Each structure stands twice: as C-alpha cells, then as structure tokens.
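[1] Make a model of this:
(8 chains, ligands or ions: 4)
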Amino acid sequence: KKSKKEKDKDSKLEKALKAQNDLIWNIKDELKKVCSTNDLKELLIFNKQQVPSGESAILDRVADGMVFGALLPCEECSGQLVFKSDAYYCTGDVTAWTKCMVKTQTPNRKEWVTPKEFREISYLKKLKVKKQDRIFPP
Amino acid sequence: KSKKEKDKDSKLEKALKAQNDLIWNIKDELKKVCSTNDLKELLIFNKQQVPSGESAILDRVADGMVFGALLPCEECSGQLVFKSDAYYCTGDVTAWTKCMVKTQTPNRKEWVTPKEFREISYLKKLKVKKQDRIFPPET
Amino acid sequence: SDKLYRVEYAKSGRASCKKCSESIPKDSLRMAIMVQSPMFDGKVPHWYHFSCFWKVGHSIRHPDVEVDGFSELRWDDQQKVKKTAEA
Amino acid sequence: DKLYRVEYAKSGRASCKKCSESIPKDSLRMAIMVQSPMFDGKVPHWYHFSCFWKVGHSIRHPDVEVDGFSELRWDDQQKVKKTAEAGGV
Amino acid sequence: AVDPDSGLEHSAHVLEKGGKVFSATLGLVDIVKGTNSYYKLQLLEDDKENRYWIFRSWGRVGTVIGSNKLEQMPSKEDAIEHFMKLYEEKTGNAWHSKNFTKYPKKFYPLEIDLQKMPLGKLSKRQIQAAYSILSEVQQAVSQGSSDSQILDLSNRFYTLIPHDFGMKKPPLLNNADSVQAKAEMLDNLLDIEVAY
Amino acid sequence: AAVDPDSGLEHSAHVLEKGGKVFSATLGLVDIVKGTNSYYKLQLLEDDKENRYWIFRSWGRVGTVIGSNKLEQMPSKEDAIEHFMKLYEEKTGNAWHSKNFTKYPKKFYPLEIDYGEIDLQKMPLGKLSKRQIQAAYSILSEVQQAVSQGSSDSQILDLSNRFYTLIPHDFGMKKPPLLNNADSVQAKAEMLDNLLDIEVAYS
DNA sequence: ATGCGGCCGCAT
DNA sequence: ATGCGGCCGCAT
Ligand SMILES: [Zn+2]
Ligand SMILES: [Zn+2]
Ligand SMILES: [Zn+2]
Ligand SMILES: [Zn+2]
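    Residues are numbered from 1 along each chain as shown, chains lettered A, B, ... in the order given. Ligands and ions are numbered 1, 2, ... in the order given. I have put the structure below:
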C-alpha cells in the first residue's frame, strides 16, 4: 500500500481547500457588513459582469470576481460564466432555442478592479489578492 | 420688433426646437432598444446616481449622453439634475439642510456608452455634437 | 419658490381627473394645480385631463414660466399648450 | 442534475415537510428534488437539517451526491459529512 | 374549439377579434435538461355574450403532469388586455405579431388547425418547416460534425412537432434511421392532412 | 407621560413604558428652503384595565389644522412594540433605544418632552427638557457669532433649521424666517430665557 | 408554471 | 405622512 507520502499530499490539498473556503467566506461576510446590495451591483457592473437575480448570488459572484478576477465574456455565445460547485458553467444563449453548454475550470479573466469609492473597505480586505486560482474538488 | 433682434430670436427658437426633438428622438429610441435595468447599468457605469422612476431614469440617461456625464457636486459631493431651467444639486450639505447649488454650466466628463449597446450606439448615429444645453432666454 | 401649475405625461394611468372624475390614461398629457394637502404638511397636485383643465376657470398668460415641466414636453405639445393658454 | 440540495435558507418563508413548521432564513436546510405534479420541472422538498435524516434517506458521499455542498461553510460541510454516517444526533 | 378542462365548452364559445382567434397553443423544449412543456391560452365568451373567461393551461406534453386556471374576467375588454399581457410575457411576441420571432428561454407559438398528435392537428406550414429542418438534419448527419447543431435542430423539430416522450429525455436526432422514421411520420401527417 | 386626546382613549387606557423608555415619542422636521415644518406623535397605549393594545400615529403641520392621525388596534400584546420600533426607525433613522439620537438626512429628529398660559400657546408641542433648551441657546450663540462674522448664509440656514427643529414655532402657513437679523436672535434668546425661567419655576 | 408577501413608486 | 397597485424574488 501507500499512505505516508501520498496521504501527506492528500492532507495538504485538503488543508489548502479549507483555507480557500474560509477565506472566501470571511470576504463574503465583510461585504455583507460594509456594503449594501446596490453597492455590490455597482461593483459587478464596473467589472463588465452581469448582475444576477438574488442577493446570495450577487455577493457570491462579487467574491468570486474579487479573489480570482473578473470573468470575461463567453468564447462563442458572448454570455456570462458562473461558478457551479465543481466548475464554471456558461449561462449564455448560443441560439434562441438552446442553452450554451460551455464548461471549464480555467476561464479567461482580467484582474479585478475595486472602485476607489470602497477603498475605505478595500483596505478592510488587507489586499491579500494572492495569485491563487480556483481550487476544485478531486 | 426689430428685424435684427427678430431674426436672431427666430434662429434661437429654431435651435431650441432642434435640441428638444433631438433629445425626444433619443428617449424614444432608448425606450425601444433597452430595458429599465439596462438604463440603470448605463447610469451606474458613468458614476451617476440612479433615480427613482422610469421617466427620470431615461431622462437622466439622455441628458448624460447628449451633454456628458455630470460630475459630483462641488461642495456636498452629491448629484446634479436638470430641472426645466437649470441644473439643481440634490445632495445633502448636512443632515439638516439641502444643498442649494445651481448652475447652467456644470462640470462633466464625456459620456461613455458601454460596448454592450454598441449595437444600439450606432442606432444613435453617434451625432454627439459639441452642443451644450440650451436654456430658455426668458429672464 | 415653486410654481402653481404642473404639466407632464401621466407617469401612470391610476390617477383620476378632478372634474370628470374619470381615470387618466398613462403616458397621456395631463395638467395639475398644486394645492395644500389638508392631511399632511406639503403640497399635492390636483390632476386634470388636458381638455378639462381649462373648464375649471383657470387661465395662464405665459406658460413657459408659469407652469412646471413645460420645457420637458415635446415641442408640438409645448405649442399646443401655449395656444390653448390663449382662449 | 443531482438528487439532493443543501443551502442556507434564502428566506424564512419555506416550511419543513416533516414537522410542517416554517424554516428560518439563513439557516442550514436540505432538500430533495421531486417532480412537480403541477408543471414540467423539478421542485425541492425542503427539510430542517435535523428532520431530513428521519425520513429514511441516507447519503454515502455527500461531496458528490448533494448539490451546493462545496458552497457551504467548511465546518458545516464537515457536519454534513458526519451526519451522513449514522444519522441525526 | 373550447378546451374541455375549462368545463364551459357548452356554456360558452371561443372568442375572435377580427382575423385572429383567441385560442393559442405554445410549446417549449430543451433536450439538455429534458424540458418539454405545453401552454394553452384561451379567452372564452358566454353564449349569452357578456361573461368573459381567461383560461390558462400548462404542463408536460402528453402527460398527467400539469394544471390550469380559469379566471373569470369582470370587464368585457380587460380580458383582452390580460390575454395579450400573458401572450407577450410567455412568448416574447405581441399578440398580432406579423412575425413569430423566437425569443431565448421563451415559448414558441404553434399553428393549430388522435394520439399521434398530442396537441392536435398541425398546419401544412409547420409540417413543411419541419420537413426542411429534417432535410438540414440529414445533411448535417452526412457531414458528421457539430453535435451542437444537431441539438439545435432537434430542439426546433421537437418544438414544431410535439411528441409524447413521457418522463423520458427526448432522444437526439444524430441517428439516420431516426431521421428516416420521422420523415416517414411527417409524410403520414401530410397524407392525413390532404385527406381532409 | 400623557395620552394624546385625539385617540379618545385618554380615559379608557394609559401610556405604556418598557423599562426606562416610555412609548410616547414626538418628532419634528423643518426645512426653510421649502417651508416644511412637520410634527409626528407616536404612542403605544395599553388598556387601563385589560390587555388591549393600540398604536396611535399623529402627524401634520405644527400648530395648524393641517394633519391627521391613525389609531390601529394591535392584536398581539407584543407585536405592537415591533410595529412601534419599526415606525420609529423608519421615520427618524434611529433605533428606539438608541444611545445617541443621530440626525439622518431627510428624516425626522426626536424631541425630548417633559414627561415627568405660556405652555398652552407659546410651546405648540408641549414642554421641553432643559437639555434641548441649552442646546438651542448654544445654537443661538453660534448664530450670533456667525451674524457678527457676516458670511456664509448657508450656515445661517443650517443653524436656523436646527433651531426651529429643537424649538417649535407656530408659523401657520408661512415660510419660517431666516435668523440673519440680530434683533431676531436677541428676541429668540429672550424667549429661551423666558422658557428657562418657566422651567425652573416648576419644582 | 403560479401563488404570495415584501417592496417601492405614484396618488391622495 | 399613509394607501395602494405593480413588480419581482422566493415557495410550492
Ligand atoms: Zn457560452
Ligand atoms: Zn451640492
Ligand atoms: Zn377630465
Ligand atoms: Zn423540520
């Protein structure tokens, strides 16, 4: 069997996973605190991102864009990609009859740009942008 | 009723009608090719505050487009709005009193139509023009 | 500081005329007169169909300054108002 | 796609299916997707995180069998993964 | 025809303002998710002549899953306002639209006028369009590429021609024998229509 | 405290009080540019012999016939308090038991009434606590110094609004006058000294 | 799909 | 000020 070096890598990966999760949740709660819903809609609009339906989804997409960058438009349909537990699914319309089925784990994205209005809250994030990309489950 | 005075008067009223029906064509085209949320996106993109009321929303959008995105207030940092005769400030200089700023030549950057509505931006035929707001010359 | 007469395209068809008491249609031309509200501190508009407004005995000399939102209307509508002001 | 959903109540209006008592907002709740006899589409039957296990459903690997599992808070993910084994308390 | 689920098939009749008759039927299909929904909308007027009803019906095609609502409209005319509102809210097109544009995520109107056709007869226009779509599907299967195009054409066809697939995800039209079977089915429909 | 007579339950009920706070607040809001000058009474009354609960709202123009009221019989013994707090925070922007009476823009401001011929007329909304009168005297000090400075009429407008809020006046349907004149400041300071003497008279 | 309650602009 | 109808997210 093997459960000494392999198991070590597994534990390290799960540790990084927990790190990313509780990081994004700290960010979400801080946004819940220092901002209102309309401010988050402003944020999303500033980064060329579509505005979803639902407060939860709004701040989720804001945190996503902030930590990993503003998701660029789709490759073919020019729609908008959204995280979905396991990967980024496209939510565009390749035609008036069918949904676009694009799906990736390394979408194209520019670096997020916090407007200067919330600089007072941007320092509340302590920057800490990090070059970390989205970590997905095994 | 002098002829020089009268010719200039007729010329000015002609330009006034031109500006009015221009802005109204723009407002109707926006009513057509866009929804309310798209106009809110537009206003937010130009650092402009989002008003309460569909009519006011598209009015402010047309204003910003034709003459430029109104900059923040000079003292209170609020938002200016057209009001028939001039631009009135709607900010709050304090928690007790309204700001009373009022001008006809506010500070403004050039409007910036997002590329999403480029399909509708060409529907405006550009035609931005260096025209500033024309006010009534009554008093 | 404010005017005495307002004019605008109905921001909704829920409002009802004050003379004929029939509902005003949305996006139609309507004229109102501001009056003190006996229920709270603030002025409120009494609305009228553009046709009924003149039968209540009010007459306006120079609409371009006596009425609020006159410059915001469409041009031919501004001229219709300026014409009906006379007679 | 999945058969089980889990999330923090997006509103306290929803009511549990076992105890029939209203679910509180921003609380952990688990649902099972079922065909809606009134229209073409699946709909979630919701449950208090405590009631969900008393209806006879058991999950082996929540990390793939349940939807939105990765979106929860970490300690909540571990609470779910623990209750999956055995049940309830 | 008055829908029987309203119960007013005897006590009332279907309305018609001008050339348009207030009795539309829309369908919406999406194979990736399995969606396959029907929507009947009728505006019924009493034989007496002045009670008015707005009848909505919706559900899964050729299945027990569905429901309906019969709303007695008080006004003789506001019923038409409600009818047009619902039509444009469900299909994205006006009631008297010169063109039946397809809007994304929204329904599509079917031209109507026992079991092989779950929603009733079909006009020769829809069947001609379906035959042309089958032509394109056959040529694209000969090309043997772009399965997304096959998905698009399959959705369009299953929308124009309803099928009773029960609770099962509709099958893609990548197979050639399937295209031949559906073309024979459309020829049968054409013969049945010319028989009338 | 005191039950407002426009509710008609001054006999059949009494004013409620949970702890140190008494559910009987009075807010005012003034804006000289527009002429606004509004009062708002909010009371939560409990039946003097039972468990019936009433939410009494009253509003209008200060010392004028213009206004109205609503008496809503709250069914629950406690949800009445929820409604009271909701209305308070919706009208003034502050919580009910706020340690600090912050002023929020466009919203009302709470007045401190002295719960427990001059008072009948000169004070349109009732007695005033010595704290409010002290603050008004300091604001008059600032107004006098700013009139001596003779600049910034917007500051004069701000101080005038603050003063007319803390000290209600029966201006009828007329726009309240600005406090740019020095004789006006002296008259209002004499008025406040009269109020202070009337308050110290009560022992 | 619709039902329904919270919300907000427009009347009064 | 509140009343009320249109609107939209969340339940079912
Ligand atoms: Zn796509
Ligand atoms: Zn200002
Ligand atoms: Zn009328
Ligand atoms: Zn339960």
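[2] so what's the residue in chain A that ligand 3 sits nearest to up against?
    At 39.0 Å from ligand 3, residue A:38 is the closest residue in chain A, using CB to the ion. (C-beta placed from N, C-alpha, C; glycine too.) Each residue near residue A:38 by CB atoms under 8 Å, 6 or more residues apart in numbering or on different chains is listed here: residue B:50.
[3] contacting residues for residue E:47?
    Neighbours of residue E:47 in contact, by CB under 8 Å, 6+ apart: E:11, E:12, E:13.
[4] Can you mark which positions in the lengthiest helix in chain A are buried?
    If you go by DSSP state H, chain A has its longest helix at helix A:6-34. Applying a neighbour-count criterion of 16 or more other CB atoms under 10 Å in any protein chain shown, the buried positions in helix A:6-34 are A:17, A:20, A:21, A:24, A:25, A:27, A:28, A:31.
[5] That helix near DNA strand H at all?
    No. Counting by CB under 7 Å from any atom of the strand, DNA strand H is not contacted by helix A:6-34; separation bottoms out at 13.8 Å.
[6] So which bits of chain C are right by DNA strand H?
    C:14, C:39, C:40, C:42.
[7] Validate this expectation: the third one resides in a strand.
    Same thing as residue C:40. No. Going by DSSP: H, G, I helix; E, B strand; the rest coil, the assignment for residue C:40 is coil, not a strand.
[8] what about it, how many neighbours?
    A count of nearby residues for residue C:40, using other CB atoms under 10 Å in any protein chain shown, gives 14.
[9] quick one, what contacts it?
    F:38, F:59, F:60, F:61, F:66, F:67, F:68.
[10] could the residues you listed be laid out in CSV, adding distance to ligand 1 and secondary structure?
    Below are the contacts of residue C:40 laid out as CSV (distance: CB to the ion, whole Å; DSSP: H, G, I helix; E, B strand; the rest coil):
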residue, distance to ligand 1, secondary structure
F:38, 55, strand
F:59, 55, strand
F:60, 59, strand
F:61, 60, strand
F:66, 60, coil
F:67, 60, strand
F:68, 57, strand
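[11] where do the helices sit along the chain?
    Here I'm looking at chain A. According to DSSP H, chain A carries its helices in the segments A:6-34, A:37-46, A:55-68, A:119-122.
[12] wait, I meant chain C there
    Counting by DSSP H, the helices of chain C are C:63-66, C:75-85.
[13] what does stretch E:93-101 contact?
    Residues contacting stretch E:93-101 (CB under 8 Å, 6+ apart): A:96, E:20, E:83, E:84, E:87, E:88, E:91, E:92, E:103, E:108, E:109.
[14] distance of the fifth one from residue E:109?
    To tie it back to what came earlier, the one meant is residue E:87. 8 Å (CB to CB, to the nearest Å).
[15] out of these two, which sits in the busier spot?
    Neighbours of residue E:87 and residue E:109, each counted by other CB under 10 Å, are more numerous for residue E:87; the result is 22 against 19.
[16] My read is that that one contacts residue E:41, right?
    Yes. Residue E:87 lies in contact with residue E:41 (CB atoms under 8 Å); the separation is 6.5 Å.
[17] quick one: contacts for whatever residue of chain E ends up closest to chain B?
    Nearest to chain B, among the residues of chain E, is residue E:92, at 12.3 Å (CB to the nearest CB). Residues counted as contacts of residue E:92 (CB under 8 Å, 6+ apart) are E:101, E:103, E:106.
[18] same thing but at 10 Å, please
    A:96, E:101, E:102, E:103, E:104, E:105, E:106, E:107, E:108 (CB atoms under 10 Å, 6 or more residues apart in numbering or on different chains).
[19] now swap in residue A:96 and tell me
    Contacts of residue A:96 (CB under 10 Å, 6+ apart): E:92, E:101, E:102, E:103, E:104, E:105, E:106, E:108, E:152, E:155, E:156.
[20] how about those residues, which pair is most distant?
    Using CB to CB, the pair of the contacts of residue A:96 lying farthest apart is E:92 and E:152, separated by 18.3 Å.
[21] List the buried residues for stretch C:9-27?
    C:10, C:15, C:17, C:18, C:24.
[22] Tell me how the chain divides into domains.
    All of this is about chain A. Listed by curated CATH domains, the domain ranges of chain A are A:1-69, A:70-129.
[23] could you do chain E instead?
    E:4-110, E:124-195 (automatic domain parsing).
[24] Select, out of those, the one closest to residue C:68.
    Smallest distance to residue C:68 across the domains of chain E (CB to CB): 32.2 Å, for domain E:4-110.
[25] ok, that closest one near DNA strand H or not?
    No. Domain E:4-110 is not in contact with DNA strand H by CB under 7 Å from any atom of the strand; minimum separation 7.9 Å.
[26] now that domain: how far from the chain's centre is it?
    In this view, domain E:4-110 has its centroid 10 Å away from the chain centroid, taken as CA atoms, centre = their mean, to the nearest Å.
[27] Just want to check the distance between residue E:115 and residue C:8.
    Residue E:115 is 59 Å from residue C:8, by CB to CB.
[28] More neighbours: the two, which one.
    With neighbours defined as other CB under 10 Å, residue E:115 and residue C:8 compare such that residue C:8 has more, 18 against 6.
[29] was I right about the more buried one contacting residue C:26?
    No. Counting by CB atoms under 10 Å, residue C:8 sits too far from residue C:26 to count as a contact (11.4 Å).
[30] Tell me how far the most centrally placed residue in chain C lies from DNA strand G.
    Nearest to the geometric centre of chain C sits residue C:31, at 1.3 Å (CA atoms, centre = their mean). Distance, residue C:31 to DNA strand G, using CB to the nearest atom of the strand, to the nearest Å: 12 Å.
[31] likewise residue A:33?
    18 Å.
[32] and that residue, what does it touch?
    So residue A:33 contacts A:121, A:124 (CB under 10 Å, 6+ apart).
[33] Quick check on the contacts of residue E:47: which are buried?
    residue E:12.
[34] Turn the contacts of residue E:47 into TSV, including distance to chain B.
    Output for the contacts of residue E:47, formatted as TSV (distance: CB to the nearest CB, whole Å):
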residue	distance to chain B
E:11	41
E:12	37
E:13	38
